[PDB]
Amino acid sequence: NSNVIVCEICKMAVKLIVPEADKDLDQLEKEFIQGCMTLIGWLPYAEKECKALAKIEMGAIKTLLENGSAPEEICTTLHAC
């Protein structure tokens, strides 16, 4: 819909994932969830949003990178940023 902070959430995950030689869930999630909370902790079901976005966003970002997407176009592909 609006997307204005899903896009900041996505830009945040891209920073988390891209520089990492060893891409994997390995507690890159924890870092994602904290920065996700910081951006949406003030919602009644914030924790639940962030748990799900961690898998959805980071999974999507990782595969798009593997299949040749330019890192600065990934959030546009996903969310029209």
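We number the residues from 1 along the sequence you see.
The deposited model assigns a higher average Cα B-factor to 16-24 than to the other stretch when 63-71 and 16-24 are compared. In the PDB entry, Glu31 places in the middle third of its chain by CA B-factor. When all modelled residues of the chain are sorted by CA temperature factor, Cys81 is found within the highest third. Per the deposited record, the Cα B-factor of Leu43 falls in the middle third when ranked against the other modelled residues of its chain.
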